[PDB]
Every structure is written in structure tokens, then in C-alpha cells.
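In: 3D model of this:
(chains A, B, C, D, E, F, G, H, I, J and K)
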Amino acid sequence: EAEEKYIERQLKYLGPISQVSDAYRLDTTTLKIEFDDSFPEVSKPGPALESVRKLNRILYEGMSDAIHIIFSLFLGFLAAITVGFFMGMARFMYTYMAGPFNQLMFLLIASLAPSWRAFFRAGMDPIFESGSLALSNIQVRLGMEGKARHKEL
Amino acid sequence: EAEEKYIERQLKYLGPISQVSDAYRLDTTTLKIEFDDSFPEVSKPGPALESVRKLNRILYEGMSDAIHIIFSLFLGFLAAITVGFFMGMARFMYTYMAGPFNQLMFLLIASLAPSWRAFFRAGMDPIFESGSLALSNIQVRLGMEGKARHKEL
Amino acid sequence: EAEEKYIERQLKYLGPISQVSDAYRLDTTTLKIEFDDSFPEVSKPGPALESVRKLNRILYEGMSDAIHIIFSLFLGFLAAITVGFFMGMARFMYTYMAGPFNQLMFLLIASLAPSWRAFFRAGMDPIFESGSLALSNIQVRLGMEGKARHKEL
Amino acid sequence: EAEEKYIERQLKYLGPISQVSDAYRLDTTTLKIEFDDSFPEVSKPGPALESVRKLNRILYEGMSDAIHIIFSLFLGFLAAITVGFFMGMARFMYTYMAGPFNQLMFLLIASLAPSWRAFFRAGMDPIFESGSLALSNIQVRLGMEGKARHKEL
Amino acid sequence: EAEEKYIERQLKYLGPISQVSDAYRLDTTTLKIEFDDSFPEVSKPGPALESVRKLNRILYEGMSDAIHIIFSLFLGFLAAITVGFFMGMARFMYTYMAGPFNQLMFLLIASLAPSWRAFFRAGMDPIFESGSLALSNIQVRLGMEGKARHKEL
Amino acid sequence: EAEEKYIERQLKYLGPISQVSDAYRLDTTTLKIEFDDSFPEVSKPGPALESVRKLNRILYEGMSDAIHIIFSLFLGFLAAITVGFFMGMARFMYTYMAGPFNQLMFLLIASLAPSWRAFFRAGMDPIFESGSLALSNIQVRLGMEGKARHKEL
Amino acid sequence: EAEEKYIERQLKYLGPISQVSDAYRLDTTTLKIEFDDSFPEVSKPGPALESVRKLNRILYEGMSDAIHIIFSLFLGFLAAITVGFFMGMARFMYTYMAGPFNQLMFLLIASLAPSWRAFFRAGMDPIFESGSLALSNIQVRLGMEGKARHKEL
Amino acid sequence: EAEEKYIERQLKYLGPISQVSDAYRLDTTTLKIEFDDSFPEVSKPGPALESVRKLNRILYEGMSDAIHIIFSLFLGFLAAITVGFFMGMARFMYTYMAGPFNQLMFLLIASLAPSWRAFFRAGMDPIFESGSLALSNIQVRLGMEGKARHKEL
Amino acid sequence: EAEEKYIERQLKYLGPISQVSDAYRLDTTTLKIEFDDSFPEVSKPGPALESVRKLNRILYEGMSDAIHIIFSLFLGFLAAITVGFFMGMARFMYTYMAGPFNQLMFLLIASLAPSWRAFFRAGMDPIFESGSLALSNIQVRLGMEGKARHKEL
Amino acid sequence: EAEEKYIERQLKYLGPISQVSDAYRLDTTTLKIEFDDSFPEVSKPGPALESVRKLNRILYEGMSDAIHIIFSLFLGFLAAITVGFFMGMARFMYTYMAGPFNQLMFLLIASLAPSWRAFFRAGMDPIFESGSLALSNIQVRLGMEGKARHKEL
Amino acid sequence: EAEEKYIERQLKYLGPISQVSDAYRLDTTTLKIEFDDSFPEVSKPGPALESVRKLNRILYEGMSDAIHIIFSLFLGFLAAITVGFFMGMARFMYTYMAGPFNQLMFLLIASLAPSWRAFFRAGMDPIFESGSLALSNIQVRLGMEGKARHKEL
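Out: Residues are numbered from 1 along each chain as shown, chains lettered A, B, ... in the order given. Next up is the structure itself:
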């Protein structure tokens, strides 16, 4: 069962999956809060132990949901208002103060850089043109043996 | 028997299997608690030793299951309640206090970074544009011999 | 649902995606300010919790939009004028003072560099022509085994 | 004989075989306790020496099995009970104390990490964006000679 | 919309794009001075905010263009004349003083270099002919498994 | 003769042959104790020397086999008994004392590791996400020439 | 428009373009002295600004060409004569003094080098023949998965 | 003649030939004791020198064979007996004392190693899981030109 | 025009072009002494400037050729004689003194080297046979995705 | 002529040619003692110089052959006898003293090594199993352009 | 003309050309002693200068050949005799004194090396078997895009 579904999921897409191109992400997607994950089992229960598991499951989940509901209703109500106020101010500041500052800084930088680039390169490039000659004159001799078998499915 | 099933399992999927992309995982899946694994044997028993193995197996497993059942029933019932309370509070705090803090921090960071990026790069890039010339001017001469045999199955 | 659309998006283009060739960019595209992202949830709500989520959503979004509207109307109006003045001056200076300076600097640099290049290379090149002989005389012997299976879909 | 079966076993599967992905394994599978392995021979015996080998084999194996049977019957009986007790307690503790602790630790960690990630990257990334320019501007010239022979079996 | 056009643009040409072969270039092509870029928005406006955006846009752009026009007309007029004078002198000097100096320097250098090259190489080459023997005698054994699936579109 | 059989043996299997995956092996398979190997010859004997070789062979082999037979019969008999006793005890201890200890140690370790993993990674990972940007922006230009000849056997 | 012609120019030739094989070259080909390049613009002008651009263009270009013409006629005339004299002398010296000196130096060097080469190699080569054994005994096990899609245009 | 047979011998098998997998081998196969090898010639003799070579050959070979025959007959006779005695004792000791010691050592080692492995890895692995992120995010752009010619023989 | 001929010249031969295999070469082939190269122009002349260029060209070239002719006739005549004398002596010495010395040195070296080679290798090789085991036991798992488009011209 | 035969010889076999697998070889094959090689010429003689070459050739070769013949006849005669005596003794010692010593040493070594191997590996291996995790999690994105031309001869 | 013949010569053979396998070679093949090479010209002569070149050529070549002829006739005739004497002695010594010494040294070395090899390896190999585990567990994810164009000529 499990391994078959796992292999089916692995065979759909074989390419890269990294997420390093985004620096402003949360970690919430990895967490798992559920009875089968919070209270792991080392080997398969028998029917004599399944009843105990069954009782404990409802106790745990009922308590966990009750507390969350109560706190969300009677304290989240204030948190939403309070966070909304500061988030509105933050949006205003981002639009009307940071962007213009960054654009003006870009203009001030882009007018000086070319001369420094040219000046440094004109003086330093020969040292690496000379060093380039070390990777000329590569020469390889190769010999091979091989066997192959193949099938059509 | 065993090696054949092992090879059959190996030939289904030949790709990568690492799990480094998840930093919040448990190690429970690797453990094996069973008589044939807890009391290993160096070579195949004969029928004169199988009887002793048979007696010891039931003794071990019966004791192991009895203790676990008793403790699960008379002490797990309290652990479930106690853990549920704190887990409810933890969920509330994660939703209503951490997320807003992180989003506000993201807004405060994203408004300063571009200028530092531009300023550093404008001053440091030429040093690596000059160093790039070392990998130009590669030149290779190659010669080959080969034999091959193949079959259709 | 979600994983299928993700895989569909991944399979359209498999090439490089980096943006290092631009040094004057903002980070705004990565941010996400919305209730479902500002107040994350660790596991799927049930219908008893969806109502609380529903109330909190409207409270948060209403406050956030109201503050932004008011500040944009009664303070952004002055910011636009003030930034426009300095941006006009910045454009004039970029066109009529920086460009000529950079072009004259280019002319002054390009008239001296060739002699320094020739002088340095004539004295330093032999040291890397001699070092080039180390990568001659490579010789490889190789042997291979292989099995393959394939399908047409 | 032997080399042929060895080659037949090698040609079934040519892929990786390492076991580094499991950190909780025993070494029992490598051991070999048998007369032909415990008392190795440097060269093939003749029929005059096979008789001596034959006598020594039965002596060794009989003694070895007798001692193991006696100790397994009259001492393994107590070991099974004693180990079963502690293993039951160990299972209970693993399920009802370690898992909840680890999950709560995960929740406490996952709420702080994003801000540290963003803060560090925003300050350190440009230093490696600048260094990336060294691997641009690679250029290769290549020339080849080749001979090949092939067969269908 | 946007991602589709982006992918269409990416699929036209998949080759190298670097510009390191030119050391005398400006950075003007990367800049973007426009209201939608100078005053970025974190999420899509609604129609109640579009009106405020609409007013601010015309204010900003009108002021920015007016100042630039006035300064270009009443100060760029003098800048053009003044820069033209010095640029004419610069062209004359580049043609009639730098080029001859560089050519004469080339002649003076090219008459001495060959002897230094020969003298250094004759003394230093053996040290790298001896070191070349380290990359002889490479020998590789390789085994492979593979599965493949393919389609015609 | 000899080289042909050597090449025939080499062409059967061309894959890897190392044995590093087993840490508990003996070296007996490499030894060769025989007259033609114990008393090597630098060049092919003639018939006048073959007679001397023939006499020496029987002397050497007869003495060597006699001593081994006598010692195996009158001293190996005791060695077999003595080693069998200790090997029986060793098997008992391996089964009934080492395995349980190792399994209990596994349980004690596997309950602590996840938290340390998460804690270390959450603090250290950004330092290597930043360093990952150095291998972006690789760009290659390549040109080729080639000649080929081939045959069917 | 522009990007299409750029891509058309890029697709003609995809090979190496470096110029490191020539050490006696000028940098004139990279420079661009023209009004559209000397006085860059950050964004497209409108028709109200095109008139100002039009006036400034003729002023700049007229002044620049006038000064260059006058100086070329009344001072380049003497520069040509003066440079011609020294260039004639330089050609004579290159032909009749440098070449013979270099050829005689070649003869004096080529008569001593072989002995030094042989003497050094005979003493140093074994040290790198011994070190060559480290790259024998490479062994690889590989496994693969793959999907492919293709089209004819 | 010679080069043709050399090339014929080289073309039979093109794979690896190293012998590093055996640590208990002699060097006798490389030696060559014969007149044409003991008394080398720098260039082809003429018929006037072949006669002198012919006389010297028989003198050398006759003396060399006579001494070897005499010493083999009158001293090798004792060497065979003496070596046979010690070799018989050596075989007995190898079978009946070393093998059991090594097997018992294997059992004593294999019972302790797993715990040390698990303990070290649980503490040290995260440091290399974090370091693994440096080889993500590789991105390559490549362009190619090629010409090819081929023949059937 | 120009770029088309450049590309036509680049597409004829795509292989290596280095000249490091010759240590006794001159640099004359790189130089360019002509009016269009000695007096470079930054941008295309108009017909009003072409006349000035036309006058200066003839002045420069006439003077340059006159001086060279006169010096070649009235001073090269003596240089040829003087250099011929010393070159004749140099050829005689190269043939009749250097070659014999080098051949005798070769004979003296080639008689000592083999013993030093054997002696050093016999003592040092094991250290690199042991180090060879580090590159055994390589194992790779790979997975791929791909899209392709192609045309016949 | 010459280059054609050289290329014909190069195209027969394109594989490896090194000789590092033999440590007991002489260098005689590289030497060339002949008038055309002992007295080299820098450029082709004319018929007026061929006569002088012709006289000198016979003088040199006649003297060289005469001295060698006389010394070979009247001194090589004794050298052959003297070397034959010691070579006979050397062969006897190699067969009847070195081989047995080496075989006995092999037996003494092969009985101790396995325990040291196991003991070291059991303690040191985890340190390199942990370090193996650094080469997991490699991820590559690649894009390509290509042109090709081909011919049948 | 010239470039076409150069390219024709380059396209005949594309393989390795190094000569490092021979340590006893002269450098005469690289030299070029001729008027067109001894007295190089920077640019093509006109017919007014060709006459001066024509006179100088005959003067130089006549003097150079006369001196060489005279010295070859009246001094080479002694050199040939004198060198022949010593070369005869050198050949005799090479055949009858160096070869036997080297062969005896080979026999003395080849009898000691195996024991040192075995002894060192048995103690040092485990250290590199343990280090081999670092290159296991490599895992790669790859994705590709490609375009191709091709022609038949």
C-alpha cells in the first residue's frame, strides 16, 4: 500500500524542487499536529490496544479543539483589530517612503559605477589574460570496452 | 527467496531518496521491536532449537504487551488530557502572535535590502569580472578507441 | 488539487531562472499580505471554527484598508509632489552631467591600457606556457556494463 | 563453478547498494560460524586428509550445539522475561513522553526561524551574488578523432 | 497573463547572455522611473483606491516632466556647447597622439620578447614534463541501470 | 595460451569488483602454496633441468603433507573441542545479551535526536543558503570538430 | 523590434569569441561618441521634449565636428610627417637588427637544452610514476530514471 | 613487423588492467634473463658483428646453465626438505590457531559497534545536512557549434 | 559586411589553435603598420573630413617608405654581409660540436637511470597503492526531466 | 612525404600507450646513433655540400665500427664468461632462497591483518558515514542551444 | 592562399600530438635559417623595395654558404674521426658493462619488494577503506531544455 503510493508520487516529476529563491517564507507547511503523529507507535497495535487508542484519541482532540476555540473567540477578536491598524500604517510607509528612497539611491549609484569598473579592469585584466594560458594544450587518449542489454516493455 | 524480493524492490524506482528538505521529522520509522529482531541468531536453528525459541517468544511477547497495555490504560489517560491543554494553547499562540510578527519583520527588512545590494555590488563586481578571464581559452585534443557488444532480450 | 497544479506549473519550463544580471531591483514581489497568510493555521478548520475565522477576516481587512485609504488620500498627496520635484532634478543631472563625464573618462582610459597590457604579457606569459605542459599526456582506460528498459507512452 | 555463479549474481542488478540511510542497524548479517569457515584450508585436501577433516567437523559442531542448547534452555528463559519487562516500559515512555515533547519543541522552533533567515540573508547575499560572476565567460575549443567496432550477439 | 508572456520570452533563446567582453558600458538600461515603479503596491488595489492612485499619478508625472523640460531648455543649451568643445579636442588627441605612441611601443616590445620566452622555457619546461606523468594510468570500472519513458507531442 | 584465457576471463564481466562493504572477512583466498609457486623460475626450463625439478617437487610435497597430516590428527583433535566450547558460549552471549542492549540504546537515542537536529538546522541553514548563490550564473560557449570511422563485425 | 534583432544576431554563431591570442591590439572598437550615447535618456521622450533634444543635437554635433576639422587640418599635417620619420627608422631597425639577434639567440639556446632536459627527467620522473598509482582502481555504481518529451517544428 | 604485432595485441582488449586488488604477489613475471636482453645493442649488427655475437651467446648461456644445474642438484635437494618441514607447520598453525582467534574477535567487535555508530551519527549528522544546501541552486546556460564527418569501412 | 565575413571565417574550422608546441617563434605576424591602423578614428568620417584624411595619408606613407628605402640600401648592404659571416660559423658549430656532445650525454645518462627508477619505485609504490582505495565505492542516484525541439534546415 | 607517413602511423591506434605498469625496463629503445642523427643539419644541403657529407659519413662510420668490433672480440669474450658465472648463482638464489622467505612472510602477515582491519573500521567508519550527507541534495537546471552540420564521405 | 592551406593541414588529424614520451630528443626541427626568416618584413614590399631585397638575399646566402663549406671541409674532417673513436668506445661500454649491472640490480631488488609491499599495506589499508565511504550516497536531480538545428551537406 504505502510504498506503492509513495513511488507513484515520486515518478510524476523528477526535477529540482528547492525553494532558495524566496527569502520571505514561513515554515508552517512542515508541521503535523494530530493524534497519530503526536503519540507515535513503534509497532502495529492489536485489537486489544486499539480500544485504548480509541479512547485517548477523543480525549486529546476534544480538549485541544475546545481550548483553541475559546481563545480564538475571546482573544483573537482583539488581536485582529490591533494587527490591522499597524499593518495599514506599514503598507502606507512601504508605498510612500521606501520606494522613492530606493529609486533615488539607484540613480545616484548608477552614475558613478561605470568609471570605477573601467578603471579597475584596465589595470587588472592582463594578470588574468596571462593566467588563461594554463588551460590550453590539454590532450587526452582514451580506450573503451562495453556490453549492453535492453528491453521494450 | 530474500535476495529476489530485495532486487524486485530495488528495480521499481532508481532515483533520489533523500529527505533533507524536511527539518521537523521523527526517527520512529527505523526501529524494529520484535522477538526475531530483539534476539538475533547467528545461523539457522535446527528443529531441536526451534522449540526453545518457540517458548521464549511467547514469554517475551506476552510480558511486553501486558506491561504496555496496563500503563497505557492507567497513565496514558492523564497524559492525553495534559498534553491536549498545552497543545491548544500552542496552536492559539502560533496563529495569533508569531505570524503577524514575522510578516511585519518581513516588511521592515524588504524596504532596506535593495540599496545595500546595489551599493555593495557596484563596488565589488569588477574584481570578479576581471577574474572571469581565466576560464576563457580552453582547448582540448582528444582521441578514442572503442568496442561494443549488445543484445535484445 | 494543489500538488497537481504545482506540477503542471513546474513542467512548462525547466531552464534557469536566476536574476543576478540585474543589480537595481526591488523585493516587493515576494511579499504576501492577506488574512490567510497573516494568520496561518496548522491544520484544516472544522465548520465550528470557520465562523470565528469568518468574523476575524472582515475585522482585519476592513481596518487595514481604512487606514491605508485615509493616509494615502491626506498624506500621499504631498509625497507625490515632493518626490516629483527631486526626481525631475535627478533626471536632468543624469542626462547632462554624468554621461559626458563617463564618456570622457572612457576616452582617457582607452588610450593608455594597450601598452600596459602588452608590456605585462610579454614578461609574464612564458611562466604559464611552461605550466601548460602538466595537462598533456592524459590517458584513460574504461570498461562498462549496462541494462536498460524503456517505454513509449 | 564458483566464478560462474558469482558472475551470474553480479549481472542481475548493477545499481547502488549502500545502506547509509539507516542509522539503527545491527551487524549480524556479515558473520559466518561454521566449520568450513572457522577452520580454513589453504589448498584443496586430498582423500587422506578428508577423513581427519570429517572427524574434526562432527566433534566441533556437536560440542558447539550442545552448549548453546543447554544455556538457551536454562538461562535464556530468565533473560526473555527480564528483557520483556523493560521493553514494555520503554515502549510506553516512547509513545507517551518523547513524542509530545518533540512536537512542542518543533512548534517553538518553527515560530522564530523565518525572521533569522530573512535577516541574515538580506545582509549576506550580495557577497555571493558578486562572486557568481567568476563562472561566466567560459569558452571551449574541442577536436576529436575516433574509431569504433561493434557486434550483435 | 504575466507568467505566460515571461515563459514565451524565455523559450526563444536559451544560450549565454553575459556582457563581460565590453568594459566601457553604462548602466542606464536597468533603471525604471515611472509611477507604477516609483510607488509600488503590495497587493492589488480595489476600485475605491484606484481613484486615489489616479490622482497621485497625474500630480507626480506632471511635476516631474515640467521640471525636466525647463532645466533641459535653459541649462542643457549651455551644457551641449561646453561638452562639444572638449569632445572635439578629445577626438583630435586620440587620433593624432595616442595611436602612434601605442604602435611604437608595440614595435619596441615585440623585438625583445621572443628571446626571453625561449630562455625561460628552455630552463623551466622539464619540471612540468616530469609532473605530467601523474595523470597517466587512469583506470575506471563502471556499471549502470536505467529506465526511460518518452512521448511525441 | 595464457593471455588468451586471461582475456576471455576479463571480457565476461566489466563492472565493479570491490569488497569494501564487508568488514569481517579473511585473506585466505589470495594465498598460493604449491611447488610451482613456492619455488619460482625465471625462465622456461629445458629437459635437462626438468628432471631436477621433478625430484625436488615430490620431496617438498611429501614432507609438507606428512607433517600437516600428523599434526592435524594428534593436535587438531583437541583444538576442535576446545574452540567449540568457547564458540557455544559466544553464540549464547551474542543472542541473549548484546541484542537487547543495542535495541534499548536505539530507543534511548531515537527519542532525543529530532530536537537537536531541528535546533541546529534552524540556526545554521541560512549560512549555506546564502553560499548557494555562487553556482548560479554559469555560462558556456563551445565549439567542436570531429571525424569518425566504424565497422560491423 | 530591438530584442528580435538582438536574438537574430545571437543565433548566427554560438561558438567562442575571445581574443586573448593577440597581445598587440587597441581598444577603439568599443567606444561610442554620438549624441544619443553621450546624453542618455532614462525613459522615452514625448513630442514636447523631442524638440529640445533636436536643438541640442545639432548644437553639440556642429561644435564637435568643427573643432576636430580645424585641428586635423592645421596640426595633424605636422603630426603625420613627424610620425612617418620615426616609423621609417623603426621599420629599418626591426628588420635589420632585431631578427638576426633573435635567431642567433635561438641557435645558442637550442644547443644546450636537450642535456638539461634529459638530466632532470632521469632523476625526477620516478617520483611521479609512483604517484600515478593513486588514480587506478576507480569503481562506480550508477542508477537512473528519466522522462522526455520532444517535437518536430 | 614488430609494431604491427604490438598494435594487434593492443586492440584485443581495451579495459582496465591494474592488479591492486591482490596484496600478496611476486614480481618474477617482469624479469627477462637472456643474451639478447642481458647484452643489449644500440643498432642493428651487420654480418661481420653477428659472428662475434654468435660466439659470445653460446659462451654466456652454457656457463649460466651449468652453474644453475649443479647448484640445483647438490643444494636445492636440501632446501626442498628444509622448507617443506616449516611449511607443513605453518599450514597447521594457520588452520587451527589463527582462524578461530579471528572469528572470536569478529564476534566481540560486532556486538559493540552499532551503539557507537548510532550515538556518533545522532550528534554529528545535522552539521552535514546543513552543509548540503550549498550544492542546490546550480544553473547553467550553454551554446554549441559543431561539424562532423564519418565513414563506413 | 564586416560581421558577415567574420562569421564566415569563424565557421570554417572550430578546433584548437594554440601554438605552445613551438618555443622558437617571432611575434611579427601580429603587427599592423598602416595609416588606417596608425591613426585610428572613433567614428565614420564625413566627406568634409575624408579630404583631410586623404592628404595626411599620402604624406605619412611617402615619408615612411622613403626613409626605409634609403636606410635599407645604404646600411642593410653591410648588415647582410656581417650577419652572414657569423651565421655560417654558427651553423658549423651547431653541426660539428653540439650534436655529438648531446648524444654522448644521452648515452651516459641512459645507462644509470633504470636502477634508480627501480630502487625508488620498489620502496615508494605501496604508499600510493594503499591510497588508491579511496576512489572505490562510488555510488550515484540520478533522476531527469527533459524537453526538446528540433528542425531540419 | 614525411608528414603523410606520420599521420598514417598515428591513425592506426588512438588508445593509451603508457608503460608505467613495468618497473624493470631499460631505456635503450630511445637512442639513435647514426651519422644523420649524430651530425644534424639545420637546412637541406645542396649538391656542393652533399659531397663533403658523403666523405665524412664513411670516415665516421668506419672508425666507429672498427673500434667496436675489436673491443667486442678481444674483451667481450671475457665479459661473457664472467657475467655468466654470477648470473647462474643469482638464478639459484632467486629460486631457492627468496621465494620461500616471501611465502612464509605472506602466511605470517595474512593471519593478523583481519582483526586490525575490523577493529579500526568499527571505530572510524561513522565519521565518514556522517560526512557522506554533504553530497546529497544536488539540483541542476540546464538550458541549451545548438547547431550541427555533417557529411558522409 | 595561406589560411586555406593551413586549414587543410589542420583538418587531416585532430588527435593528440605531444612528444613527452621521449626524453632523449633534439630541438633542431624548430629552427629556420633563411633570408625570408632571418630578415623579417612588417608589411608587403612594393616593387621598388623588392630589388633591394633581391640584392641583399644573394649577398647573405652566398657568404653564409661559403663559410660553412670551407669549415666543413677543413675542420669537419678531423671532428668526424675524433668523435667516431669515442663513440665506438661508448657503444662497447653500453653493451658489455651497463646492461649486466642493471639486470643484476633488478634481480636484487625484485626479491625484497613483495614483503615490504604486503607489510605496509596490511597496516595502512583500513585507513583508506574507511575514507571511501564519503563518496557513497550521491544523489542528483536534473532538468533540461533544448533547441537544435541541423543540416546535411
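
In: so the residue nearest to residue A:28 when sequence neighbours are not counted is in which element?
Out: Using C-beta to C-beta, 6 or more residues apart in numbering or on different chains and skipping the chain neighbours, the partner closest in space to residue A:28 is residue C:40 (4.8 Å). C-betas here are computed from N, CA, C, even on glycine. Under DSSP states H and E, no helix or strand contains residue C:40.

In: need the longest helix for chain A.
Out: helix A:47-74 (DSSP state H).

In: is any part of it close to chain B?
Out: Yes. Using C-beta under 8 Å from any C-beta of the partner chain, we find that helix A:47-74 touches chain B at A:48-49, A:52, A:55-56, A:59-68, A:71-72.

In: Quick check: buried residues in that helix?
Out: Neighbour counts over helix A:47-74 (16 or more other C-beta atoms under 10 Å in any protein chain shown) mark A:49, A:52-53, A:56, A:59-61, A:63-65, A:67-69, A:71-72 as buried.

In: so residue A:83 sits right up against residue B:99, yeah?
Out: No. When contacts are counted by C-beta atoms under 8 Å, residue A:83 is not listed as touching residue B:99 (9.1 Å).

In: what is in contact with the two at once?
Out: Residues touching both residue A:83 and residue B:99 by C-beta atoms under 8 Å, 6 or more residues apart in numbering or on different chains: residue C:38.

In: Have a look at these two and say which one is more surrounded.
Out: residue A:83 (23 against 20; other C-beta atoms under 10 Å in any protein chain shown).

In: Going by secondary structure, the more buried one is in what exactly?
Out: Going by DSSP H and E, residue A:83 is part of helix A:76-93.

In: how about that helix, does it reach chain C?
Out: Yes. With C-beta under 8 Å from any C-beta as the measure, helix A:76-93 is seen reaching chain C through A:76-77, A:80-81, A:83-85, A:87-89, A:91-92.

In: Which positions in chain A make contact with chain G?
Out: A:11, A:14, A:129, A:132.

In: So what's the residue count around the residue lying closest to residue A:117 once chain neighbours are set aside?
Out: Spatial nearest neighbour of residue A:117, chain neighbours left out: residue B:126 (4.8 Å); criterion: C-beta to C-beta, 6+ apart. Per other C-beta under 10 Å, the neighbour tally for residue B:126 reads 21.

In: looking at this, residue B:126 is in a helix?
Out: Yes. Judged by DSSP: H, G, I helix; E, B strand; the rest coil, residue B:126 forms part of a helix.

In: Name all residues that make contact with it.
Out: A:116-117, A:120-121, A:124.

In: Ok, residue A:118 next?
Out: Contacts of residue A:118 by C-beta under 8 Å, 6+ apart are C:105-106, C:109, E:23-24.

In: Buried among those? Need that as a selection in PyMOL.
Out: A single PyMOL command suffices to select whichever of the contacts of residue A:118 are buried according to 16+ other C-beta under 10 Å:
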select buried, (chain C and resi 105+106+109) or (chain E and resi 23+24)
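
In: and which of the contacts of residue A:118 is nearest residue H:149?
Out: residue E:23 (39.4 Å; C-beta to C-beta).
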